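The listed protein sequences derive, respectively, from chains A and F.
Quick note: the first sequence uses the working numbering, first residue 1, plus one each step.
Quick note: the second sequence uses the working numbering, first residue 1001, plus one each step.
All residues carry an ideal CB built from backbone N, CA and C; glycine is no exception.
Here the structure is laid out as structure tokens; the discussion comes afterwards.
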Amino acid sequence: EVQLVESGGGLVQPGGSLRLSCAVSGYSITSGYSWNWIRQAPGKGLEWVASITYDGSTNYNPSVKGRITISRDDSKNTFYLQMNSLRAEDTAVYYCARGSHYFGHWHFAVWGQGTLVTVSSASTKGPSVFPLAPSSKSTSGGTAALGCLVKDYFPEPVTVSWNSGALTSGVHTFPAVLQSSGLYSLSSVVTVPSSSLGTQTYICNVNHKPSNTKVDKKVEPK
Amino acid sequence: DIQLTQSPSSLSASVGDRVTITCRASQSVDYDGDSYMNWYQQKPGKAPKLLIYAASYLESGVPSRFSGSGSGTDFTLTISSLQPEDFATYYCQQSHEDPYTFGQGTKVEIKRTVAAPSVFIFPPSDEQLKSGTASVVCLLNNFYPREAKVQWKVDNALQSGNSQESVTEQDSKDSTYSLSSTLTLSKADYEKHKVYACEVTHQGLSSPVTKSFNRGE
């Protein structure tokens, strides 16, 4: 299967520049009709910003034309987005996407996973990870809730898994909130059988790539 | 630019019901016998997924309950029978001319029967207290509808302005929501009080539910 994987997201200062890449696997980049960047500001809609077709012609949305460049490296099977003079309006998830050889070309059947660019003057800060221990006050029937609090980090995002991805049922990872301090906080909880607390280990795996902070936190009854 | 306006911007529908979303373009997207309108489905945390291209063609692998119609400036996406996995924001997109533009998005949720939350409360950890701050967390699990009210009380004083909350997307497994609320206090304030309570009001509860603990015990 063709897979598109973006890299280059993270924190950029206002007036700085971003450089994103999309590595294409399972498919030769020279065979695509077009390769594209489309972005989505937090909680807003989708904006196409740039395309490069198979003959190398480029095109840009006039909303950003003048400070954006798209390019390809066929030998690395990768294409790139460069933008400069960044402003708060440019904070967004940036997606790469493939156009079609058919039916007018400019619709997008294959997309990457998106990478978040945050334009801000603030500093990177990695999170503290605290346990939300199961107890009598987090039990309903023979079900217990436990979790991890991922507190005081910047910028987004953080990922959380449980037991290295082996535990997915009953997991709820909540959207982060922005505190008045300017730092994010989020929680991830899981409900599990009360009878498993003595015998099953529960570890939350936190990763804040912007600060290269990885934490594995074992959560147990207090 | 061609501007696309979707209607409605959000809807809630019983499971299995027919759902219709419309898109109106500021100028025609017709060309030579085809209509260059496309539809996408975006689930939380995911890239959009193409459903319909050239106004009425179903993308490979997409379930046949999705269909598109229309021409000129007026287009419809129909879900013939809404399924629990269909919670998403749906976008139209014209490919008639650059810049390619998308509608603003229509949010779709499944209207299921009322379900009251399970409520759980977590005191601050001793690890956090070491650092000078105390976070108290209240979890409302697996409830419907999304509207819920959480009130924090500390020794029976209503707390206002020192908590934040967050809600998950609708879970397609049972069409429910969950919600987390965090009360933040200084360690010194936390150690000055005894009873910590989160009081929950919701359509599924005939009276409010309070979960509480006593600091220490």
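Neighbour-count burial assignment, residue i, 16 or more Cβ in a 10 Å radius
i	result
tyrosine 202/A	buried
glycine 1070/F	buried
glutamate 89/A	exposed
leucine 178/A	exposed
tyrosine 1031/F	exposed
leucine 1158/F	exposed
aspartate 1174/F	exposed
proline 131/A	buried
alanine 1148/F	buried
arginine 72/A	buried
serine 196/A	exposed
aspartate 1126/F	exposed
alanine 166/A	exposed
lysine 1211/F	buried
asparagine 1162/F	exposed
First through last residue of the beta strand (DSSP E) which encompasses residue i
i	result
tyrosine 1190/F	Segment 1187-1192 is the alpha helix (DSSP H) holding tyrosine 1190/F; no beta strand (DSSP E) there.
residue 227/A	Here chain A covers residues 1 to 222 and nothing more, so residue 227/A does not appear.
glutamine 1083/F	No beta strand (DSSP E) contains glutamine 1083/F, which DSSP labels as neither H nor E.
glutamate 1127/F	Per DSSP, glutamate 1127/F belongs to no beta strand (DSSP E); it is in the alpha helix (DSSP H), 1126-1129.
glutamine 1159/F	1157-1159
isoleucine 70/A	68-73
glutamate 1199/F	1195-1201
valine 1019/F	1019-1025
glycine 1070/F	1066-1071
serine 185/A	184-193
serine 51/A	46-53
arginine 98/A	92-98
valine 117/A	115-119
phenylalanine 174/A	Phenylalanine 174/A -> no beta strand (DSSP E), and no H or E assigned at all.
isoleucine 1052/F	1049-1053
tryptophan 162/A	159-162
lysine 217/A	213-218
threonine 1210/F	1209-1214
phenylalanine 108/A	That residue, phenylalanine 108/A, is in no beta strand (DSSP E); it is neither H nor E in DSSP.
Rounded Cβ spacing between residue i and residue j (contact assumed at less than 8 Å)
i	j	result
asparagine 1141/F	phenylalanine 1122/F	13 Å between Cβ atoms; not a contact.
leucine 20/A	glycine 8/A	4 Å
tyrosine 102/A	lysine 125/A	That belief does not hold up - the Cβ atoms of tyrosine 102/A and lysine 125/A are roughly 47 Å apart, past 8 Å.
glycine 142/A	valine 5/A	That pair is no contact at about 42 Å.
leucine 1082/F	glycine 1016/F	6 Å
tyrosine 1090/F	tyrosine 1053/F	Not quite, the Cβ-Cβ distance comes to about 14 Å (not below 8 Å), so this is no contact.
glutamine 40/A	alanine 92/A	6 Å
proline 1145/F	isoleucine 1110/F	11 Å between Cβ atoms; not a contact.
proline 1008/F	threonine 1168/F	Not quite, the Cβ-Cβ distance comes to about 23 Å (not below 8 Å), so this is no contact.
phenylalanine 174/A	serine 161/A	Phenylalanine 174/A to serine 161/A, Cβ: 15 Å. No contact.
Short Cβ contact (7 Å threshold) for residue i with residue j
i	j	result
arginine 1018/F	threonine 1005/F	no
residue 227/A	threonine 115/A	As displayed, chain A neither begins before 1 nor continues past 222, which places residue 227/A out of reach and without an answer.
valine 1200/F	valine 1154/F	no
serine 194/A	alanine 145/A	no
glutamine 1164/F	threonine 1182/F	yes
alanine 1188/F	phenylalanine 1143/F	no
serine 121/A	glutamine 13/A	yes
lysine 222/A	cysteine 148/A	no
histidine 172/A	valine 189/A	yes
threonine 1184/F	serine 1131/F	no
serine 1172/F	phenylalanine 1087/F	yes
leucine 183/A	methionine 83/A	no
Proximal residues to residue i (C-beta, below 6 Å), its chain only, five neighbours per side dropped
i	result
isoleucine 38/A	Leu46, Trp48, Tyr95 and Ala97
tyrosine 60/A	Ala50 and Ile68
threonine 78/A	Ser21 and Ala23
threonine 1078/F	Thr1020 and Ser1067
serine 1180/F	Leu1139 and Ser1166
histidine 105/A	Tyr33 and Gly99
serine 1206/F	none
Residues near residue i by beta carbon distance below 7 Å, same chain, minus five either side
i	result
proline 127/A	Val150, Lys151, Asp152, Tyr153, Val158, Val206, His208 and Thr213
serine 1095/F	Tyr1036 and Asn1038
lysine 1194/F	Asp1155, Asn1214 and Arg1215
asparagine 163/A	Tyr202 and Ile203
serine 1118/F	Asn1141 and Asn1142
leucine 1050/F	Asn1038, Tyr1040 and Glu1059
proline 210/A	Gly10, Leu11, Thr124 and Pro155
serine 1012/F	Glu1109 and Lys1111
Proximal residues to residue i (C-beta, below 8 Å), its chain only, five neighbours per side dropped
i	result
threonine 1073/F	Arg1024, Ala1025, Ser1026, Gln1027, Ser1028 and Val1029
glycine 26/A	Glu1, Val2 and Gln3
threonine 30/A	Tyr54 and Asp74
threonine 1101/F	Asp1001, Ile1002, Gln1003, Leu1004, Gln1093 and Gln1094
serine 1186/F	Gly1132, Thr1133 and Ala1134
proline 1048/F	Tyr1040, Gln1041, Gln1042 and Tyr1091
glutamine 1128/F	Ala1134 and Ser1135
Cβ-heavy atom distance, residue i to the ligand SAH, below 6 Å
i	result
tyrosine 27/A	Ligands displayed in this structure: none; no statement on the ligand SAH is therefore possible.
Contact with chain D by residue i, beta-carbon distance below 7 Å
i	result
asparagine 61/A	Among the protein chains in the structure shown, which are A and F, there is no chain D.
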